[PDB]
Every structure is written in C-alpha cells, then in structure tokens.
K.L.:
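This structure is in structure tokens; I'll ask about it shortly.
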There are 2 protein chains.
Amino acid sequence: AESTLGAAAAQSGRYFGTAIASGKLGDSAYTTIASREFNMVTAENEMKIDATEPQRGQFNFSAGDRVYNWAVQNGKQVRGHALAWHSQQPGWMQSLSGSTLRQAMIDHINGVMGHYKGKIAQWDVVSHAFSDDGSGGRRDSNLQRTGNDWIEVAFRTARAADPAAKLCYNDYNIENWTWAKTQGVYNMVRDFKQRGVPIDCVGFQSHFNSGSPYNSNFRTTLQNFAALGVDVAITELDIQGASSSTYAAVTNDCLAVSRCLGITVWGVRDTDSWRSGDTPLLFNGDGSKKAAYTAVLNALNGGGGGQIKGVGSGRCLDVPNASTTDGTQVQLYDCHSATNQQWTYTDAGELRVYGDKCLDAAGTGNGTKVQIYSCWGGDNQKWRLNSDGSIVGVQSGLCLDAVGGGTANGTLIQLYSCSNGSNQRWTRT
Amino acid sequence: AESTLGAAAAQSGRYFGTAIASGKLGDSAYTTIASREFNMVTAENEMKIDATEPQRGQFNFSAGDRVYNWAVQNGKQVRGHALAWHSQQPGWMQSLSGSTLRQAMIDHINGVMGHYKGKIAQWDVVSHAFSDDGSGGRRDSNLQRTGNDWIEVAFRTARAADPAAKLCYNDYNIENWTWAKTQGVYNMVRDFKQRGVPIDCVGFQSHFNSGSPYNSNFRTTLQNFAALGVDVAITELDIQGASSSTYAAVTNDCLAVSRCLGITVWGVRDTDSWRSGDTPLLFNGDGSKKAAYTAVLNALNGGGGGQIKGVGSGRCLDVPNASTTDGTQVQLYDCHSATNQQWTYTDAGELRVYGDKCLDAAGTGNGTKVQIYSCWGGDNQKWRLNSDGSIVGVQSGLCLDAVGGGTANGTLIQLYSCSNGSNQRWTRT
Ligand SMILES: O[C@@H]1[C@@H](O)[C@H](O[C@@H]2CO[C@@H](O[C@@H]3CO[C@@H](O[C@@H]4CO[C@@H](O[C@@H]5CO[C@@H](O)[C@H](O)[C@H]5O)[C@H](O)[C@H]4O)[C@H](O)[C@H]3O)[C@H](O)[C@H]2O)OC[C@H]1O
Ligand SMILES: O[C@@H]1[C@@H](O)[C@H](O[C@@H]2CO[C@@H](O[C@@H]3CO[C@@H](O[C@@H]4CO[C@@H](O[C@@H]5CO[C@@H](O)[C@H](O)[C@H]5O)[C@H](O)[C@H]4O)[C@H](O)[C@H]3O)[C@H](O)[C@H]2O)OC[C@H]1O
Ligand SMILES: O[C@@H]1[C@@H](O)[C@H](O[C@@H]2CO[C@@H](O[C@@H]3CO[C@@H](O[C@@H]4CO[C@@H](O)[C@H](O)[C@H]4O)[C@H](O)[C@H]3O)[C@H](O)[C@H]2O)OC[C@H]1O
Ligand SMILES: O[C@@H]1[C@@H](O)[C@H](O[C@@H]2CO[C@@H](O[C@@H]3CO[C@@H](O)[C@H](O)[C@H]3O)[C@H](O)[C@H]2O)OC[C@H]1O
Ligand SMILES: O[C@@H]1[C@@H](O)[C@H](O[C@@H]2CO[C@@H](O)[C@H](O)[C@H]2O)OC[C@H]1O
Ligand SMILES: O[C@@H]1[C@@H](O)[C@H](O[C@@H]2CO[C@@H](O)[C@H](O)[C@H]2O)OC[C@H]1O
C-alpha cells in the first residue's frame, strides 16, 4: 500500500527490511510489527559462521531455517549474513591459520550456500574486511593473513555455490566518502570488476552515531560505488538518537540512486537492538511508532520555529496567556506573532515552545489534557506528524483533538482517538 | 564542606536525605553513593505498619533497625515513616474497623515509637489523610470512619510515646498553594495549633510530574505552614525528568524558609526509584551524577541563550564556520555575536546551539573530541555546570578541555580528567 514501510518502499521498486531474531518470533508484539512493516529479512545471528557450523565439517541450520521459514511464510525475501569474516567465528575456526584456515573458509561457504542454494536473494559473502585505523587498508585477521587474495576466493567460491544469488561485500564506517576505509573498499570493488571477480553489490551497514555520524556525502558514495557496475544496499541501518531528519536523509539518498536496492534497519524495537542504549530504531519498547518512523515513511512516499494552524477551525495552537507555568493546558486562538504560538518540531519528535517547554500529555486515554511541561524526552512529549495532517502522541497513539469539535477562541486541546476529523488536522506555517 | 549534598545542606543547618531500601544495603555501588551524599535517612518500607507489626501486638523491628543502624553508623539522622495511614496496612488491620481499629492504631504507635524512642528525629505520625477529590476533605478510609478525631488522637498518642521526636503530618499533592487538598491540610494544622494538638511539622512528599507539576507557589505553601509555628520538610522529593531548574527551584524554596528542616529525595539512583520510568532522581543507574545533582549542589551552596567563554583563553566556545554538520568538533574563538556561539543550557542538562544541535562527546575517555550532534537525550549530551567554572560531561565524568591548554583561535575542545586548569574553567554570560 503506502501505510507501511515495505509497501511505500515498493512504490520505487525497493524493499525495506529488518533483522529478525528467532528467539523473539515467539513475541506476538514483535512479529506483528515485523510482519506488517518489512518485506525483506536478515537473520541477526542465525546464519553466521559459529551458528551454521558449530564444529568443523558439521553444519547446523536449525536456527537459520527458523528465521528463513518465518520470512518466506510472510512473503519476505532474505539476505544471507554472513559467510566469511573475522567476528563471531566458532572456537575451532579461530584456531586456524594458513591454508588450513583458507580451505575451512571455502568449505564453510559451500556448506551454507548449498543448503540455501536458490533461496537467498543477497549474500554478504565477505564482511568487515577493512581496518578502522584510518589507513583504509585490510583488517589484520587470521583470514587476511592467509593471503590478500582470500576475499576474491570467497566470492569466486560463492558464485559457484549459488549463481542465482547476488554476492555482496558488507562493511561499516564506509558511508562517508572522506574516510579512508570507504576508499579502500571502493578500490577493491573496482579492482574486482576490472579483473572479473564475481561481485554484485556493496552493503553499507550504516550504523550511525556521534562516533561515526551520517554525512550527506553518503549519496556520492552510493553513486560512486553504483558507477562501478554493482548494486548498493543499506544493510544494517540504525541511528543513535533516531533523528527524524537523519533517518529521512538516508532514505532519500537511496531513493536518489537507482542501483540502491533498499534499506534494512538492524532490528524492530529499540529494546531488541544490539545497542538499545542508543535507541536507534524506528519502534520503541511498547511497539509504538517513533517520530523517525513517520519521517521515514513520509520520505519513502515522496515527501525552525513556526505556527500550527488547525485546518478546520483556522485557529493556532496557543499557550493560554503566554504562560510559562508547567501544567498549563493549550488552547486554540487567533494566529499572531508571539512566542506563545511558535512551536518547533525537533528531530526527537517534540513540539517545543519557549525553547525548553514541551507539548505534554499527562495520560494516554481519551480526554487527556494537552499542556506544556519542561522537556525531558518522555514519549508523552513525542509526536508524529502524519501526512494526512494529524498529530499523534507517540505514547498515547491518540491524536491532538479540539475538545467538543470546538473552533472558538479558548477551545482546549485534548487527546482523543484519531478520526481524520477537522478538529484533528493541522498545517505548518 | 560542600562537595556532597549532605554537607552542602549542612552549611545552612539543614540536611539532605534519601530513602534507603534494606535490600540494597549489600550493594556496594549503592551504599557508596548513599553513605557519601546523604545525612538523613528514611526507611523506604521497613518501618511501615505491615512491616513492623505483621500480627497485632506482635512487632517485628528486624528490617527497620538494619536501616536505622546503617543510618546512625554512617552519620545520618532518621525519619520514621509511617505510623498511621490507610496504605500498606498488614492484612489484619485492613479488616479491622470501628473502635477496635482505633485501639490498634493507638497500640501500633506506642509499640513502634516505644522501640525507637529517642532515636528518631522525625516521625510521620499520620500520612495520606486527605482526599484527591477536590473538596479538600478527609479521604474515606477505615481509619477516618473510626472518627474524624483519629488524626488528633494519633498525635497525642505519639507525643506521649516519644516526647523527644518531632511529629509530622505527611501527604502528597499539597505543595500547590491553590489546591483544595493543600488548604484542607492547612486548616487542620492551623486548627490543631490553636487547640494545642501536639503537631510539630508538616512533610511535603513533593512528588512532581506532568500530572502534579511543581509550581513556584510551593514556597508560598511552605512559608504559610511555617507561619503557623510548625517546621516543614520536603519528604519524598522526585521530579519526573529530573529537570535541573525544578530541582534547583525546590532546593531554593526550602533555603528560603528558615523552618524548612531539609530535603529528602525518594531514592538513590533512578534504577532504585519506585518510578524509574520517570528518571526522577539525581543519580543514573550507572551511578554517575546527573545534571540535576550539580544544580542542587550549587543551589545548596548558595545559588536562555548565551556565550561560554574560556577563562584561561578569553575566547568563546565556537562551532567552526557555523557548521550544522553533525560530528563537527567545536573550538575556541574570539567572542562575537553569532548563533554558532550562543549556547543554551536546558533543564535536561544539554548545551544546545542552533536550537536543535547538542554539545556532543563521542566517547568517555581522555582526548575524546567534543562536537555537535543532533539532540536526542543521550547522557553524552548532558552536562553539569560546576560552581568552579568547569563543565563536566554526565556520562564521562570528564571536563571540557581546550586541547594542550591552547588559547588561540582554532584550539579544539576535548574531554579530559578535570584539573581545575584555566583551560577547563568557563564563564557564561
Ligand atoms: O546480536 C548481536 C548482533 O546484532 C551483532 O550484529 C553485528 C552489528 O553490526 C556489525 O558489527 C558491528 C559494527 O560496528 C562496530 O563498531 C563500530 C566501531 O567504530 C565506531 O566508530 C569509530 C569512532 O572512532 C574512530 O576513531 C574510529 O576510527 C571509528 O571506527 C563505530 O561508531 C562503531 O559502530 C562493531 O564493533 C561491530 O561489532 C555486524 O555487521 C553485525 O553482524 O553481532 C553481535 C550479536 O551479539
Ligand atoms: O518501595 C515502594 C515504596 O517506595 C513506596 O513508597 C510510597 C510511594 O507512594 C507515596 O505516596 C504516593 C504519592 O503520590 C501518589 O500519586 C499521585 C496521585 O496524583 C497524581 O496526580 C493526579 C493526576 O490526575 C489529576 O486529575 C489529579 O487531580 C492529580 O492529583 C500524581 O501525579 C501522583 O504522583 C501515590 O499514589 C502515592 O502512593 C508514599 O508516601 C511512599 O511511602 O511504597 C510502595 C513500596 O513498594
Ligand atoms: O586527580 C586529578 C588529576 O587527574 C588531574 O590531572 C590533570 C589532568 O590534566 C592535565 O593536563 C592536560 C594534559 O592533556 C592536555 O590535552 C592533550 C594535549 O595533547 C594532545 O595531543 C592530547 O590529545 C590532549 O588530550 C590537556 O589540555 C591538559 O589540560 C594535567 O597536567 C593533570 O595534572 O589534576 C587534578 C587532580 O585532582
Ligand atoms: O480559568 C481559565 C482562565 O485562566 C482562561 O484564561 C484565558 C487566557 O487566555 C485568554 O486569551 C489570550 C488572548 O491573547 C492571546 O495572545 C493569548 O494567546 C490568549 O491565550 C483567554 O481569553 C482567557 O479566557 O480562560 C478559561 C478559564 O476557565
Ligand atoms: O468531555 C467531552 C469530551 O469527551 C468530548 O470528546 C469528543 C468525542 O468525540 C470526538 O469526535 C470529538 O472530537 C471529541 O472532542 O468533547 C466534548 C467534551 O466536553
Ligand atoms: O580559519 C578557520 C576559522 O575561521 C574557523 O572558525 C571561524 C572563524 O571566524 C569566526 O567568525 C567564526 O565564528 C568561526 O567559526 O574555524 C576553522 C579555521 O580553519
């Protein structure tokens, strides 16, 4: 349709996936969100080395199939993660080196891909191969020590194991074009195409935080890699803070590159995140959509301080007598130029007034008063501005409502079940 | 003395306490904070009715004493809580009614106060006596039905039991002077004082949140009760969101009333709170001091938009070329009127620039670069403004530092072990 991420993404020929954790599929709230919003799936850990080959030569796909089965059963495609890398290697593989490790690497690829032959759309054949020391060179691991040619071997090996799959190179901190790591990966992919090494895509994990923040030049990076003759994909997206603007900007970068297959966010709810502390996903603990979700959905569909006029009463959201007192319920009044009517929507999804006061709801049920309270980040102060013009309380899940459909000055604002009514739509100015 | 809350408050003859949970006195991380920051203690539950008299006439002081001893052995006074109220009554008292209840109430008071006779500074003789129905009348409880004079009786009983302890009436939602409930309590205490009813104080639980927000008239309330000849005390303070200003405001209201004995916060760390979802205390779960902690400390020691100038350099905190790019490290620069030099300290402990950008630290160690990043509420975007001029990151516990003690334009800002150096002191005007 256009009401869920997967569907909106499809309007541009793209997909929108998430990372599924089999241990959570038993959680109905989890599966309800995951099944409805995404049309692409990645196993968070079930298809990795230690999970698929517990002992040398002994393969094990019970965990992986558990995820795969759920995906196909729910009309989702699957991304294979990951075939050859230094992290999460089972004990036995960690003790290997030289040609012994090299062949173990090849045997692992053959075993996993053979089992999933023709069922996986994309395979992260190699991941985390470059360093972060800022040199843009190869990562120093037991795999790289077997010879610089190990990555090329894994790809030729993967192409032979399942010709139907797209073979991707996956890595993080390669989104900023100015970072050496990014360029090092570009030169390798470039080298591969020139020599005819099988490689169909580059996956940019996209784990953004204040350590390695999103930079708008990410679009040039996608363009650049796409120009090498490969498809690009945002594979493990999550943003510390979950800024609406940052999440919206990444969505647009991909929509600007025809070779960008889609976006996968690393998880469903912040509580499921490997970095829940950074609350970097689109849904939060209770399964409610975050400000960033709306921003992402809006971007997929096409897309400072100001006033919030209610298209249906003509009056603006106003703080009674321009009070600065916490607990003051807002009202509707004749739009004019005064700070008591200037609302700023933040990347956190707050409707700030006076700079540090936040549109607040002291409850969740219908009839709950909408007031101003010191900003502290509570979901009861977070909002989602829907494209239809409604403002939904992230925590309540209710729309800002003009009491008794009133339209006269002094009409209080309240929380009520959304109705698409005129007393629930607004326009920014 | 003024490096800890207890000592700072002691400067003015007051105390700063907390609520101790017997179950955590074996948690060194917990006791390390508690024993250092407070000089007044209240058993969070150990001294309540159900806890001290599990069977009528059969008293159990095992847990109360554990807390009482820990307190005295650690230089803290003790507030008994609570002797006669409707909540948390053992199952056998709830069933009681009429004169048999009145008698039980009397005996409980004598039994418990007898045990602690002479050891308790303050006793919450009666608590939660008034309703929240707007009429300013007594809440309808099995105790109130035994006769409206139960409160007076409990107090006369208490006085006789321990003439040495200060007897307080305790309640919530009686901080706002305009509320009916507050007036009801006011009249009762005023009536008691005139008739000679032995009540020495009124405790204001002070549980503030968007539901029952703090209001500056709280001081007026305190001042009015004090005028009646009874001491006042903030007994169970906690503020939803832990706003710096609100916490400092409550502290100054008590400093403003000579009869205000002191302030008690209902818990040590947010994780210990009965309402952790509201992160209403002064210490985070990891034990680090929150922005509000310093706001209170500074206040105890006597005490929108602007420049932050370095003392040692004479230059201001500046964002290179007014960039709004996340990850941009800030520097020192000749002070001038421009938005890339106007920082706003919010109640959340943030230092905002451009309205929605936050002073950000991407790590917790020395040499961590200080930059701007979209505001989202992380502890690495919260700061404490020490009274010495230094600015300490909440999460890191590190000071803003002008690299290498540089004083020239272009000197970058980093995190570093606080040293009282002039490249770590700042004056904001
Ligand atoms: O359940 C868990 C799985 O979810 C988990 O999945 C893996 C998560 O993502 C990938 O692995 C991690 C990628 O991010 C790495 O951390 C980087 C390190 O660099 C930071 O930036 C640095 C800032 O300072 C500079 O000086 C420096 O040069 C920069 O590099 C960046 O901000 C961090 O995000 C982690 O170490 C990786 O583990 C991987 O694809 C997923 O499979 O796996 C574990 C499982 O338990
Ligand atoms: O370990 C736990 C102990 O910590 C715990 O200690 C007791 C906790 O409760 C304390 O008393 C509480 C005071 O606050 C009450 O809630 C008020 C109710 O009113 C709300 O505001 C209303 C909003 O709606 C409006 O219409 C209405 O007019 C407003 O009044 C306000 O926001 C809430 O905070 C609690 O119900 C009381 O329990 C007590 O003193 C402590 O000793 O005990 C349990 C133990 O396990
Ligand atoms: O217990 C406290 C002590 O820890 C504290 O120690 C002081 C800490 O600051 C020291 O001065 C620092 C030294 O580093 C400078 O920055 C570095 C400059 O070179 C760069 O390459 C590097 O990246 C920067 O990190 C910093 O500007 C400067 O302030 C000081 O000498 C120590 O004594 O002292 C107080 C104790 O109570
Ligand atoms: O008790 C309630 C009153 O406090 C409440 O007062 C309203 C305060 O706002 C008045 O309108 C202002 C006109 O000027 C604009 O600039 C302001 O933004 C408006 O808020 C309004 O007329 C007052 O009634 O009224 C309702 C009472 O129950
Ligand atoms: O207290 C009353 C409210 O409960 C009432 O709420 C209305 C319910 O229907 C919705 O369609 C309206 O938008 C909403 O205002 O409003 C009147 C008020 O007195
Ligand atoms: O030379 C450059 C500096 O100019 C820049 O900082 C700006 C200097 O001019 C001031 O008016 C601006 O406020 C300030 O941000 O920093 C980078 C340095 O290379």
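Lettering of chains follows the sequences in order, A, B, ..., and the numbering in each one begins at 1. Any value given below was found using the heavy atoms of this structure, including those in side chains, with hydrogens, waters and symmetry copies removed.
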K.L.:
Counting only heavy atoms not in B:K369 (residues, nucleotides, ligands), do more than 12 fall under 6.0 Å from its NZ?
P.N.:
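Enclosed: over 12 neighbouring heavy atoms sit under 6.0 Å from NZ of B:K369.
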
K.L.:
Is it true that B:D401 and B:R425 have a side-chain N and a carboxylate O under 4.0 angstrom from each other?
P.N.:
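No, B:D401 and B:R425 are not salt-bridged.
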
K.L.:
Do you see a donor-acceptor pair shorter than 3.5 Å between the side chains of B:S245 and B:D347?
P.N.:
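Per modelled atom types, B:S245 and B:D347 side chains form a pair under 3.5 Å.
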
K.L.:
Could you point out which residue of B:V394, B:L400, B:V392 forms a side-chain contact (heavy atoms from CB on, under 4.5 Å) with B:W383?
P.N.:
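Only one option passes, and that is B:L400.
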
K.L.:
Verify whether one side chain among B:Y172 and B:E236 offers a donor that lies under 3.5 Å from an acceptor in the other.
P.N.:
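B:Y172 vs B:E236: no donor-acceptor pair found between side chains.
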
K.L.:
Does the pair B:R269/B:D27 count as a salt bridge with the N-to-O cut at 4.0 Å?
P.N.:
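Yes.
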
K.L.:
Examine distances only and state if a side-chain atom of B:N298 and a backbone atom of B:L385 form a donor-acceptor pair shorter than 3.5 Å.
P.N.:
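Side chain of B:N298 to backbone of B:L385: a pair is present.
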
K.L.:
Does the side chain of A:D270 pick up a donor-acceptor pair with the side chain of A:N284 at under 3.5 Å?
P.N.:
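No, because no side-chain N or O of A:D270 sits under 3.5 Å from a partner of the opposite role on A:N284.
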
K.L.:
Out of B:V370, B:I413, B:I391, B:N380, which residue meets the side-chain contact (heavy atoms from CB on, under 4.5 Å) rule with B:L359?
P.N.:
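Single side-chain contact (heavy atoms from CB on, under 4.5 Å) partner of B:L359 among B:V370, B:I413, B:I391, B:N380: B:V370.
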
K.L.:
Mind telling me whether A:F283 and A:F38 have parallel, tilted or perpendicular rings, with 30° and 60° as the class edges?
P.N.:
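A:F38 and A:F283: perpendicular rings.
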
K.L.:
Using a cut-off of 6.0 Å, state whether more than 12 heavy atoms not belonging to A:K24 lie near its atom NZ.
P.N.:
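Counting other residues, nucleotides and ligands, NZ of A:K24 exceeds 12 neighbours.
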
K.L.:
Could you check A:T324, A:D326, A:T328 and say which one makes a side-chain hydrogen bond (donor to acceptor under 3.5 Å, both in side chains) with A:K357?
P.N.:
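The passing option is A:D326.
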
K.L.:
Kindly determine whether B:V319 and B:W343 satisfy side-chain contact (heavy atoms from CB on, under 4.5 Å), including the steps that lead there.
P.N.:
CA-CA 10 Å; B:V319 190; B:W343 307 80; 3.6 Å; yes

K.L.:
Give a yes-or-no answer on whether the side chains of A:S212 and A:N173 include a donor-acceptor pair shorter than 3.5 Å.
P.N.:
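A:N173 and A:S212 do have a side-chain donor-acceptor pair below 3.5 Å.
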
K.L.:
Any chance the side chains of A:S276 and A:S273 put a donor and an acceptor closer than 3.5 Å?
P.N.:
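No.
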
K.L.:
So that I can tick it off, tell me whether A:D238 and A:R275 are bridged by a salt bridge, with the cut-off set at under 4.0 angstrom between side-chain N and carboxylate O.
P.N.:
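Looking at A:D238 together with A:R275, the answer is no, because their closest N to O distance does not fall below 4.0 Å.
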
K.L.:
If only side-chain N and O atoms count, and only distance matters, is there a donor-acceptor pair under 3.5 Å linking A:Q341 with A:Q307?
P.N.:
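Short answer, yes.
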
